[PDB]
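Enquirer: The following file, model-v8.cif, comprises mmCIF, N, CA and C atoms and all ligand atoms:
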```
data_target
#
loop_
_atom_site.label_atom_id
_atom_site.label_comp_id
_atom_site.auth_asym_id
_atom_site.auth_seq_id
_atom_site.Cartn_x
_atom_site.Cartn_y
_atom_site.Cartn_z
N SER L 7 4.94 231.33 15.34
CA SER L 7 5.33 229.95 14.99
C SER L 7 4.80 229.48 13.63
N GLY L 8 5.35 228.39 13.09
CA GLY L 8 4.89 227.86 11.81
C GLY L 8 5.96 227.20 10.97
N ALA L 9 5.58 226.23 10.13
CA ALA L 9 6.54 225.55 9.25
C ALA L 9 5.92 225.15 7.89
N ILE L 10 6.79 224.92 6.88
CA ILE L 10 6.44 224.40 5.57
C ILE L 10 6.86 222.90 5.52
N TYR L 11 5.92 222.04 5.09
CA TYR L 11 6.18 220.62 4.97
C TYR L 11 6.11 220.25 3.50
N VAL L 12 7.24 220.08 2.89
CA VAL L 12 7.34 219.71 1.48
C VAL L 12 8.17 218.43 1.37
N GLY L 13 7.62 217.38 0.74
CA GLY L 13 8.30 216.09 0.63
C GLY L 13 8.74 215.56 1.99
N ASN L 14 10.02 215.21 2.12
CA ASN L 14 10.54 214.78 3.40
C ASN L 14 11.36 215.90 4.06
N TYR L 15 10.92 217.17 3.91
CA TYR L 15 11.62 218.32 4.51
C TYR L 15 10.66 219.18 5.36
N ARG L 16 11.21 219.80 6.39
CA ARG L 16 10.49 220.73 7.24
C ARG L 16 11.25 222.02 7.22
N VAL L 17 10.61 223.13 6.79
CA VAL L 17 11.27 224.43 6.73
C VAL L 17 10.76 225.30 7.85
N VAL L 18 11.66 225.78 8.75
CA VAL L 18 11.24 226.62 9.85
C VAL L 18 12.13 227.89 9.95
N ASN L 19 11.72 228.90 10.76
CA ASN L 19 12.62 230.03 11.03
C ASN L 19 13.82 229.44 11.82
N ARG L 20 15.04 229.76 11.40
CA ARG L 20 16.24 229.23 12.10
C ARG L 20 16.19 229.49 13.61
N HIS L 21 15.75 230.71 14.02
CA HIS L 21 15.64 231.02 15.44
C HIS L 21 14.59 230.23 16.20
N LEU L 22 13.63 229.56 15.52
CA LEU L 22 12.60 228.76 16.19
C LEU L 22 12.84 227.23 16.04
N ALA L 23 14.00 226.82 15.44
CA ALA L 23 14.26 225.40 15.25
C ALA L 23 14.36 224.67 16.59
N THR L 24 13.91 223.42 16.64
CA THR L 24 13.94 222.62 17.88
C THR L 24 15.25 221.74 17.93
N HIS L 25 15.44 221.00 19.04
CA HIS L 25 16.55 220.06 19.24
C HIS L 25 16.51 219.00 18.10
N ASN L 26 15.32 218.46 17.79
CA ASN L 26 15.11 217.48 16.72
C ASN L 26 15.46 218.06 15.34
N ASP L 27 15.12 219.35 15.07
CA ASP L 27 15.46 219.97 13.79
C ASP L 27 16.99 220.05 13.63
N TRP L 28 17.72 220.45 14.68
CA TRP L 28 19.18 220.52 14.61
C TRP L 28 19.81 219.12 14.48
N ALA L 29 19.29 218.13 15.22
CA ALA L 29 19.76 216.73 15.13
C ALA L 29 19.50 216.17 13.71
N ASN L 30 18.41 216.62 13.04
CA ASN L 30 18.09 216.12 11.70
C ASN L 30 18.28 217.20 10.63
N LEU L 31 19.34 218.02 10.80
CA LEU L 31 19.62 219.17 9.95
C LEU L 31 19.97 218.79 8.52
N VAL L 32 19.37 219.50 7.56
CA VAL L 32 19.68 219.32 6.14
C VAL L 32 20.48 220.55 5.67
N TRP L 33 19.98 221.75 6.00
CA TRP L 33 20.62 222.98 5.58
C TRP L 33 20.11 224.14 6.43
N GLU L 34 21.00 225.09 6.79
CA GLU L 34 20.59 226.26 7.55
C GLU L 34 21.44 227.46 7.14
N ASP L 35 20.87 228.67 7.27
CA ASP L 35 21.60 229.88 6.90
C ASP L 35 21.14 230.99 7.83
N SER L 36 22.02 231.38 8.77
CA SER L 36 21.74 232.41 9.76
C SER L 36 21.37 233.74 9.07
N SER L 37 22.03 234.05 7.91
CA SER L 37 21.75 235.30 7.23
C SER L 37 20.37 235.33 6.59
N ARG L 38 19.75 234.17 6.39
CA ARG L 38 18.40 234.06 5.84
C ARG L 38 17.32 233.80 6.92
N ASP L 39 17.75 233.49 8.18
CA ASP L 39 16.88 233.08 9.29
C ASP L 39 16.10 231.80 8.85
N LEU L 40 16.75 230.86 8.07
CA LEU L 40 16.08 229.63 7.65
C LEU L 40 16.83 228.37 8.13
N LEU L 41 16.06 227.30 8.34
CA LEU L 41 16.58 226.00 8.68
C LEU L 41 15.66 224.97 8.06
N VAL L 42 16.25 223.91 7.50
CA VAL L 42 15.48 222.81 6.90
C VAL L 42 15.98 221.53 7.58
N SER L 43 15.03 220.71 8.02
CA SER L 43 15.34 219.43 8.62
C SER L 43 14.57 218.32 7.91
N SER L 44 15.02 217.08 8.07
CA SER L 44 14.36 215.93 7.44
C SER L 44 13.18 215.46 8.28
N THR L 45 12.18 214.89 7.65
CA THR L 45 11.01 214.36 8.35
C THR L 45 10.82 212.89 7.96
N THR L 46 10.09 212.12 8.78
CA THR L 46 9.81 210.73 8.43
C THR L 46 8.56 210.63 7.54
N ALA L 47 7.58 211.51 7.75
CA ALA L 47 6.34 211.51 6.97
C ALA L 47 6.38 212.55 5.86
N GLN L 48 5.69 212.27 4.75
CA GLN L 48 5.64 213.19 3.63
C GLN L 48 4.72 214.39 3.88
N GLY L 49 5.20 215.58 3.51
CA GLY L 49 4.45 216.82 3.60
C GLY L 49 3.57 217.07 2.39
N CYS L 50 2.63 218.00 2.51
CA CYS L 50 1.67 218.28 1.44
C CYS L 50 1.77 219.67 0.83
N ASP L 51 2.71 220.53 1.31
CA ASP L 51 2.80 221.88 0.77
C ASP L 51 3.54 221.83 -0.59
N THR L 52 3.27 222.81 -1.44
CA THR L 52 3.91 222.96 -2.75
C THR L 52 4.66 224.30 -2.70
N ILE L 53 5.93 224.31 -3.08
CA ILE L 53 6.71 225.55 -3.09
C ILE L 53 6.45 226.23 -4.42
N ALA L 54 6.21 227.55 -4.40
CA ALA L 54 6.04 228.29 -5.63
C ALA L 54 7.38 228.37 -6.38
N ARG L 55 7.35 228.31 -7.71
CA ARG L 55 8.53 228.50 -8.56
C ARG L 55 8.10 229.59 -9.56
N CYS L 56 8.31 230.85 -9.17
CA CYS L 56 7.78 232.01 -9.88
C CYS L 56 8.49 233.32 -9.43
N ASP L 57 8.08 234.47 -9.98
CA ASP L 57 8.60 235.76 -9.52
C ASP L 57 7.46 236.65 -9.00
N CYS L 58 6.29 236.06 -8.61
CA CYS L 58 5.11 236.76 -8.08
C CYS L 58 5.51 237.82 -7.05
N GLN L 59 4.79 238.94 -7.05
CA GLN L 59 4.98 240.00 -6.07
C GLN L 59 3.67 240.33 -5.32
N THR L 60 2.61 239.46 -5.45
CA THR L 60 1.33 239.59 -4.76
C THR L 60 0.98 238.20 -4.23
N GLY L 61 0.34 238.18 -3.06
CA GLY L 61 0.02 236.93 -2.39
C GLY L 61 -0.76 237.25 -1.11
N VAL L 62 -0.93 236.28 -0.26
CA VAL L 62 -1.66 236.40 1.03
C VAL L 62 -0.79 235.79 2.12
N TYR L 63 -0.70 236.42 3.32
CA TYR L 63 0.06 235.82 4.41
C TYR L 63 -0.83 235.70 5.65
N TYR L 64 -0.51 234.80 6.55
CA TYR L 64 -1.27 234.63 7.80
C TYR L 64 -0.55 235.42 8.87
N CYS L 65 -1.30 236.24 9.64
CA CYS L 65 -0.79 237.03 10.72
C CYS L 65 -1.47 236.53 12.04
N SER L 66 -0.78 235.71 12.84
CA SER L 66 -1.36 235.12 14.04
C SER L 66 -1.77 236.14 15.09
N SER L 67 -1.06 237.29 15.18
CA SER L 67 -1.42 238.35 16.14
C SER L 67 -2.72 239.09 15.77
N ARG L 68 -3.31 238.79 14.62
CA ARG L 68 -4.60 239.35 14.25
C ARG L 68 -5.60 238.25 13.86
N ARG L 69 -5.16 236.95 13.85
CA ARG L 69 -5.97 235.82 13.36
C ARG L 69 -6.58 236.16 12.00
N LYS L 70 -5.71 236.64 11.07
CA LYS L 70 -6.22 237.13 9.80
C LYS L 70 -5.22 236.86 8.71
N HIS L 71 -5.72 236.67 7.52
CA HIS L 71 -4.91 236.39 6.31
C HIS L 71 -5.03 237.66 5.47
N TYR L 72 -3.91 238.35 5.26
CA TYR L 72 -3.92 239.61 4.56
C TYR L 72 -3.38 239.53 3.12
N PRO L 73 -4.12 240.07 2.15
CA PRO L 73 -3.56 240.15 0.77
C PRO L 73 -2.50 241.27 0.76
N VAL L 74 -1.30 241.03 0.19
CA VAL L 74 -0.24 242.02 0.18
C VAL L 74 0.50 242.04 -1.18
N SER L 75 1.20 243.14 -1.45
CA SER L 75 2.16 243.28 -2.55
C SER L 75 3.50 243.23 -1.78
N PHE L 76 4.48 242.50 -2.28
CA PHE L 76 5.78 242.42 -1.59
C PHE L 76 6.93 242.65 -2.54
N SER L 77 8.08 243.08 -1.98
CA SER L 77 9.24 243.36 -2.81
C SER L 77 9.96 242.02 -3.17
N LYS L 78 10.83 242.03 -4.20
CA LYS L 78 11.61 240.86 -4.58
C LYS L 78 12.70 240.54 -3.54
N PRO L 79 13.10 239.27 -3.39
CA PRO L 79 14.11 238.92 -2.35
C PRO L 79 15.40 239.75 -2.45
N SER L 80 15.80 240.37 -1.34
CA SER L 80 16.97 241.27 -1.34
C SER L 80 17.79 241.17 -0.03
N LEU L 81 18.93 241.87 0.02
CA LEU L 81 19.79 241.96 1.21
C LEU L 81 19.31 243.27 1.89
N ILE L 82 18.72 243.17 3.09
CA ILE L 82 18.08 244.28 3.79
C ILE L 82 18.62 244.39 5.20
N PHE L 83 18.88 245.62 5.69
CA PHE L 83 19.34 245.81 7.06
C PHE L 83 18.17 245.57 8.02
N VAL L 84 18.41 244.78 9.06
CA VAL L 84 17.39 244.38 10.03
C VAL L 84 17.88 244.72 11.42
N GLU L 85 17.10 245.51 12.14
CA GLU L 85 17.44 245.95 13.49
C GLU L 85 17.65 244.79 14.46
N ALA L 86 18.38 245.05 15.56
CA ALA L 86 18.62 244.01 16.56
C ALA L 86 17.29 243.50 17.15
N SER L 87 17.25 242.21 17.48
CA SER L 87 16.09 241.55 18.07
C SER L 87 16.54 240.62 19.24
N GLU L 88 15.59 239.87 19.83
CA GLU L 88 15.87 238.90 20.88
C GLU L 88 16.77 237.75 20.36
N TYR L 89 16.79 237.49 19.04
CA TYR L 89 17.51 236.34 18.47
C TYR L 89 18.73 236.65 17.60
N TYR L 90 18.85 237.87 17.06
CA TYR L 90 20.02 238.24 16.26
C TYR L 90 20.44 239.66 16.62
N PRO L 91 21.75 239.97 16.54
CA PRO L 91 22.16 241.39 16.65
C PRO L 91 21.77 242.12 15.33
N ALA L 92 21.98 243.45 15.25
CA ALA L 92 21.66 244.19 14.01
C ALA L 92 22.53 243.67 12.88
N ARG L 93 21.93 243.32 11.74
CA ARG L 93 22.71 242.75 10.63
C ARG L 93 21.93 242.87 9.31
N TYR L 94 22.58 242.55 8.19
CA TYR L 94 21.94 242.41 6.92
C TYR L 94 21.35 241.00 6.78
N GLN L 95 20.04 240.91 6.48
CA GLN L 95 19.39 239.62 6.26
C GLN L 95 19.21 239.50 4.75
N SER L 96 19.63 238.35 4.18
CA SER L 96 19.55 238.10 2.73
C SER L 96 18.25 237.35 2.32
N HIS L 97 17.92 237.42 1.02
CA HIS L 97 16.71 236.74 0.47
C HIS L 97 15.40 237.18 1.21
N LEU L 98 15.30 238.48 1.61
CA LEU L 98 14.15 239.00 2.39
C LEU L 98 13.24 239.88 1.49
N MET L 99 11.93 239.75 1.68
CA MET L 99 10.93 240.49 0.92
C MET L 99 10.09 241.28 1.92
N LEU L 100 9.76 242.56 1.63
CA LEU L 100 8.96 243.34 2.57
C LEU L 100 7.59 243.65 1.96
N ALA L 101 6.62 243.76 2.82
CA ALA L 101 5.27 244.23 2.50
C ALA L 101 4.81 245.21 3.59
N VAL L 102 3.80 246.03 3.26
CA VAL L 102 3.21 246.88 4.25
C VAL L 102 2.18 246.00 4.91
N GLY L 103 2.31 245.84 6.20
CA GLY L 103 1.36 245.04 6.96
C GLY L 103 1.76 244.80 8.39
N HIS L 104 0.85 244.19 9.17
CA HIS L 104 1.14 243.94 10.58
C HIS L 104 1.97 242.68 10.85
N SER L 105 2.91 242.79 11.76
CA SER L 105 3.71 241.66 12.23
C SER L 105 4.26 241.94 13.61
N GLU L 106 4.34 240.90 14.42
CA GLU L 106 4.92 240.90 15.76
C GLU L 106 5.85 239.67 15.82
N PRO L 107 6.89 239.65 16.69
CA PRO L 107 7.83 238.51 16.68
C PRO L 107 7.21 237.09 16.62
N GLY L 108 6.17 236.84 17.44
CA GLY L 108 5.47 235.56 17.47
C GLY L 108 4.76 235.20 16.17
N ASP L 109 4.65 236.15 15.22
CA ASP L 109 4.08 235.91 13.90
C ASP L 109 5.07 235.22 12.96
N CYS L 110 6.38 235.10 13.34
CA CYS L 110 7.34 234.40 12.48
C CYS L 110 6.86 232.98 12.23
N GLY L 111 7.04 232.50 11.02
CA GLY L 111 6.55 231.17 10.67
C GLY L 111 5.25 231.23 9.90
N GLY L 112 4.54 232.38 9.94
CA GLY L 112 3.30 232.54 9.19
C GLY L 112 3.59 232.45 7.69
N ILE L 113 2.79 231.66 6.92
CA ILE L 113 3.13 231.46 5.51
C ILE L 113 2.64 232.61 4.63
N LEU L 114 3.42 232.91 3.57
CA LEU L 114 3.07 233.82 2.50
C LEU L 114 2.89 232.91 1.29
N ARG L 115 1.74 232.99 0.61
CA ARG L 115 1.47 232.15 -0.54
C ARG L 115 0.93 232.91 -1.73
N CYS L 116 1.30 232.50 -2.96
CA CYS L 116 0.72 233.13 -4.14
C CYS L 116 -0.10 231.99 -4.89
N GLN L 117 -0.55 232.24 -6.11
CA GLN L 117 -1.26 231.22 -6.91
C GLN L 117 -0.42 229.98 -7.20
N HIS L 118 0.93 230.06 -7.07
CA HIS L 118 1.80 228.94 -7.38
C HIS L 118 2.22 228.08 -6.19
N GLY L 119 1.91 228.53 -4.98
CA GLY L 119 2.26 227.79 -3.78
C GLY L 119 2.89 228.68 -2.74
N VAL L 120 3.68 228.07 -1.86
CA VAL L 120 4.35 228.77 -0.77
C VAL L 120 5.50 229.57 -1.30
N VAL L 121 5.54 230.85 -0.93
CA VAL L 121 6.59 231.77 -1.35
C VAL L 121 7.66 231.92 -0.25
N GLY L 122 7.22 232.00 1.02
CA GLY L 122 8.16 232.18 2.12
C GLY L 122 7.43 232.22 3.45
N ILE L 123 8.13 232.58 4.51
CA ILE L 123 7.50 232.65 5.86
C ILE L 123 7.85 233.99 6.55
N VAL L 124 6.99 234.49 7.48
CA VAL L 124 7.28 235.72 8.21
C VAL L 124 8.60 235.55 8.98
N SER L 125 9.44 236.56 8.93
CA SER L 125 10.76 236.47 9.60
C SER L 125 11.10 237.79 10.31
N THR L 126 10.61 238.94 9.76
CA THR L 126 10.93 240.26 10.35
C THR L 126 9.68 241.17 10.44
N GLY L 127 9.84 242.36 11.02
CA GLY L 127 8.75 243.32 11.08
C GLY L 127 9.09 244.54 11.89
N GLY L 128 8.16 245.47 11.91
CA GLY L 128 8.29 246.71 12.66
C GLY L 128 7.95 247.89 11.78
N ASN L 129 7.47 248.97 12.40
CA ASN L 129 7.16 250.21 11.69
C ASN L 129 6.07 250.02 10.63
N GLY L 130 5.16 249.07 10.83
CA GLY L 130 4.10 248.82 9.87
C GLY L 130 4.53 247.99 8.66
N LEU L 131 5.69 247.35 8.75
CA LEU L 131 6.17 246.50 7.70
C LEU L 131 6.22 245.04 8.23
N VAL L 132 6.23 244.10 7.30
CA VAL L 132 6.39 242.68 7.59
C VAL L 132 7.37 242.16 6.53
N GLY L 133 8.33 241.35 6.97
CA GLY L 133 9.31 240.80 6.06
C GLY L 133 9.19 239.29 6.09
N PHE L 134 9.39 238.70 4.94
CA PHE L 134 9.27 237.27 4.71
C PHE L 134 10.57 236.73 4.16
N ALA L 135 11.00 235.54 4.67
CA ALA L 135 12.19 234.89 4.14
C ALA L 135 11.74 234.10 2.90
N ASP L 136 12.32 234.39 1.70
CA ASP L 136 11.96 233.64 0.50
C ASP L 136 12.43 232.15 0.54
N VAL L 137 11.65 231.23 -0.04
CA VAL L 137 12.11 229.81 -0.17
C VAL L 137 12.06 229.34 -1.66
N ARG L 138 11.51 230.17 -2.60
CA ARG L 138 11.36 229.82 -4.02
C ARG L 138 12.67 229.52 -4.76
N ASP L 139 13.83 229.95 -4.22
CA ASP L 139 15.11 229.64 -4.88
C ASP L 139 15.64 228.25 -4.45
N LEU L 140 15.13 227.68 -3.35
CA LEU L 140 15.57 226.38 -2.83
C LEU L 140 14.92 225.24 -3.65
N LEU L 141 15.40 225.06 -4.91
CA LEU L 141 14.86 224.13 -5.84
C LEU L 141 14.94 222.69 -5.36
N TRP L 142 16.00 222.36 -4.59
CA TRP L 142 16.20 221.02 -4.06
C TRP L 142 15.07 220.59 -3.12
N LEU L 143 14.26 221.54 -2.58
CA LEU L 143 13.10 221.18 -1.75
C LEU L 143 12.09 220.29 -2.54
N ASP L 144 12.11 220.36 -3.90
CA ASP L 144 11.18 219.63 -4.78
C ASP L 144 11.60 218.20 -5.07
N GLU L 145 12.84 217.80 -4.71
CA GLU L 145 13.31 216.46 -5.05
C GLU L 145 14.14 215.77 -3.94
N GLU L 146 14.22 214.43 -4.00
CA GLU L 146 15.00 213.58 -3.09
C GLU L 146 14.82 213.98 -1.60
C1 LIG X 201 8.90 244.64 15.74
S1 LIG X 201 7.71 243.61 14.87
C2 LIG X 201 8.65 242.17 14.45
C3 LIG X 201 8.07 241.13 13.73
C4 LIG X 201 8.79 239.99 13.48
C5 LIG X 201 10.09 239.86 13.95
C6 LIG X 201 10.69 240.88 14.67
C7 LIG X 201 12.09 240.73 15.23
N1 LIG X 201 12.73 239.46 14.88
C8 LIG X 201 13.50 239.51 13.62
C9 LIG X 201 14.51 238.37 13.55
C10 LIG X 201 15.27 238.31 12.23
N2 LIG X 201 14.85 237.43 11.33
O1 LIG X 201 16.25 239.04 12.04
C11 LIG X 201 13.77 237.06 13.85
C12 LIG X 201 13.23 237.09 15.29
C13 LIG X 201 12.57 238.38 15.69
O2 LIG X 201 11.92 238.44 16.72
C14 LIG X 201 9.96 242.04 14.90
ZN ZN X 202 3.68 232.77 -7.78
#
```
Now that the file is in, can you turn its structure into structure tokens?
Ligand SMILES: CSc1cccc(CN2C[C@H](C(N)=O)CCC2=O)c1
Ligand SMILES: [Zn+2]

Expert:
Amino acid sequence: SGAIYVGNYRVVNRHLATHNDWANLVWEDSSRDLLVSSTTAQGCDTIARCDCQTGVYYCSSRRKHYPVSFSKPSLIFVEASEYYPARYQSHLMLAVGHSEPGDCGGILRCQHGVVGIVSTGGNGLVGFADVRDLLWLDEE
């Protein structure tokens, strides 16, 4: 579990969105496993606007924050899971590291702010959905 709170927006994994997130939907993309909903209170997170390939992510299944090198956002084949059939997931970055399904929502951050959230994993890899291209998260 986990979310990014920036301005009046809440960014969550699309598969973990609640009834309130869908009722207050701003934007969602099944191919990215992302959903953004509106909030009444202002958030304090800052989204990174950079091309960083090193950062730290939180892994709840180990209660640990791991420093990682990650690939640039790409279209990657992702095996079938409890929430999606086998498909290509877009804007996805991979790192070598631990992840389990319940780790989705864990933040990946670099020196510039939030880069993305855990979305995939398996075989000693962890994948993160990028949010740095969603420039509109910074305004209105
Ligand atoms: C096998 S370890 C692992 C870690 C994180 C996630 C998964 C599987 N998965 C991937 C889904 C997607 N984004 O396509 C989102 C929901 C989900 O449970 C496995
Ligand atoms: Zn950065």

Enquirer: Would you pick out the contacts of region 124-131 of chain L at 9 Å or less, using only C-alpha atoms, so that residues sharing its chain but fewer than 5 positions from it are not included, and give the list as a PyMOL selection string?

Expert: chain L and resi 8+19+38-40+63-65+84+98+100-107+109-114

Enquirer: Could you write out, as a ChimeraX atom specification, all the residues of region 47-119 of chain L that DSSP marks as strand (DSSP E)?

Expert: /L:47-50,60-65,70-75,80-84,93-102,113-116,119

Enquirer: Within 5 Å of ligand ZN 202 (chain X), counting all atoms listed in the file, which protein or nucleic acid residues do you find, written as a PyMOL selection string?

Expert: chain L and resi 56+58+116-118

Enquirer: Write down as a list in words the residues belonging to region 23-138 of chain L that are assigned alpha helix (DSSP H) by DSSP computed on the backbone.

Expert: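 Here are the alpha helix (DSSP H) residues of region 23-138 of chain L: residues 25, 26, 27, 28 and 29 of chain L.
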
Enquirer: Can you tell me how far atom N of residue 26 (chain L) sits from atom C of residue 94 (chain L), in Å to one decimal?

Expert: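 Interatomic distance here is 25.8 Å.
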
Enquirer: For ligand LIG 201 (chain X), which residue out of L:18, L:31, L:54, L:74 is the nearest one, using only C-alpha atoms and all ligand atoms?

Expert: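 Closest to ligand LIG 201 (chain X), using only C-alpha atoms and all ligand atoms: L:18.
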
Enquirer: Choose the residue, out of L:22, L:42, L:9, L:17, that has the smallest atom-to-atom separation from ligand LIG 201 (chain X); count only C-alpha atoms and all ligand atoms.

Expert: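 Ranked by minimum distance to ligand LIG 201 (chain X), first place goes to L:22.
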
Enquirer: Could you tell me how far atom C1 of ligand LIG 201 (chain X) sits from CA of residue 119 (chain L), in Å to one decimal place?

Expert: 26.6 Å

Enquirer: Would you mind telling me which residue in L:78, L:20, L:69, L:25 lies nearest to ligand LIG 201 (chain X) when using all atoms listed in the file?

Expert: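 For ligand LIG 201 (chain X), the nearest of the candidates is L:20.
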
Enquirer: Between L:14, L:36, L:24, L:52, which residue has the minimum interatomic distance to residue 135 (chain L), considering only C-alpha atoms?

Expert: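 Between L:14, L:36, L:24, L:52, the residue approaching residue 135 (chain L) most closely is L:36.
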
Enquirer: List the residues sitting within 6.5 Å of (18.1, 236.3, -2.4) in the file's frame, using all atoms listed in the file, as JSON, numbers by chain.

Expert: {"L": [79, 80, 81, 96, 97, 98]}

Enquirer: May I have the selected residues written with N, CA and C atoms, as a compact mmCIF listing (two decimals), in the coordinates of the input?

Expert:
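Listing of part_20.txt after writing:
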```txt
# COMPACT_ATOMS: atom_id res chain seq x y z
N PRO L 79 13.10 239.27 -3.39
CA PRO L 79 14.11 238.92 -2.35
C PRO L 79 15.40 239.75 -2.45
N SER L 80 15.80 240.37 -1.34
CA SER L 80 16.97 241.27 -1.34
C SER L 80 17.79 241.17 -0.03
N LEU L 81 18.93 241.87 0.02
CA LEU L 81 19.79 241.96 1.21
C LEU L 81 19.31 243.27 1.89
N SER L 96 19.63 238.35 4.18
CA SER L 96 19.55 238.10 2.73
C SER L 96 18.25 237.35 2.32
N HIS L 97 17.92 237.42 1.02
CA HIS L 97 16.71 236.74 0.47
C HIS L 97 15.40 237.18 1.21
N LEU L 98 15.30 238.48 1.61
CA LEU L 98 14.15 239.00 2.39
C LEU L 98 13.24 239.88 1.49
```

Enquirer: Could you check which of L:51, L:27, L:88, L:57 is closest to ligand LIG 201 (chain X), using all atoms listed in the file?

Expert: L:88

Enquirer: Which residue gives the smallest distance to ligand LIG 201 (chain X) among L:132, L:50, L:32, L:141, with only C-alpha atoms and all ligand atoms counted?

Expert: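 Nearest candidate to ligand LIG 201 (chain X) out of L:132, L:50, L:32, L:141: L:132.
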
Enquirer: Just the number, please: distance in Å from atom C of residue 133 (chain L) to atom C5 of ligand LIG 201 (chain X), one decimal.

Expert: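 Between atom C of residue 133 (chain L) and atom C5 of ligand LIG 201 (chain X) the gap is 7.9 Å.
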
Enquirer: Taking 4 positions as the minimum chain separation for residues in the same chain, which residues sit within 8 Å of residue 143 (chain L) when counting all atoms listed in the file? Answer as a PyMOL selection string.

Expert: chain L and resi 12-15+53+139

Enquirer: Create the file for the chosen residues now, containing N, CA and C atoms and written as a compact mmCIF listing (two decimals), in the coordinates of the input.

Expert:
```
# COMPACT_ATOMS: atom_id res chain seq x y z
N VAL L 12 7.24 220.08 2.89
CA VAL L 12 7.34 219.71 1.48
C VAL L 12 8.17 218.43 1.37
N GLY L 13 7.62 217.38 0.74
CA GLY L 13 8.30 216.09 0.63
C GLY L 13 8.74 215.56 1.99
N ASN L 14 10.02 215.21 2.12
CA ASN L 14 10.54 214.78 3.40
C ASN L 14 11.36 215.90 4.06
N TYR L 15 10.92 217.17 3.91
CA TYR L 15 11.62 218.32 4.51
C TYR L 15 10.66 219.18 5.36
N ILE L 53 5.93 224.31 -3.08
CA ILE L 53 6.71 225.55 -3.09
C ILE L 53 6.45 226.23 -4.42
N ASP L 139 13.83 229.95 -4.22
CA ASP L 139 15.11 229.64 -4.88
C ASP L 139 15.64 228.25 -4.45
```
